[PDB]
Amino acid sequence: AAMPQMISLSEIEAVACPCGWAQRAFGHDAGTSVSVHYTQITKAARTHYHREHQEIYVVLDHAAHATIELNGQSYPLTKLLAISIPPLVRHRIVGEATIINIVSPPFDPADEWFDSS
């Protein structure tokens, strides 16, 4: 319970998600207070939001002109940009990118919501 854990994000089996591929660590079973994903943005995705989870993206690399959209506002991605996304904030990434997604509390896939067209 109070034991350190060690995981290689790059070696974790990658799973498909709407925006690309996710390598997820420290889920709810792990006892940690947050999940840590190493996520490859390869494809465009619906704008979405979370009702119970706040996310913090940390950009590790990105394609030129890649942006992030927060409540309909667009901002360019740069290296080591950190973005805090509280619950209810509509968000998505546009263009290719690699990020560390820090989720609290631990990530729960059930908590994904969309606005209709």
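Each residue number is its position in the shown sequence, starting from 1.
Checked against the record, the higher mean CA B factor of 65-73 and 27-35 lies with 27-35. The mean Cα B-factor in the deposited entry runs higher for 38-46 than for the other of 38-46 and 85-93.
The entry lists a Cα temperature factor for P106 that places it in the lowest third of the chain's modelled residues. For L9, the recorded CA B-factor ranks within the middle third of the chain. Only modelled residues enter the ranking.
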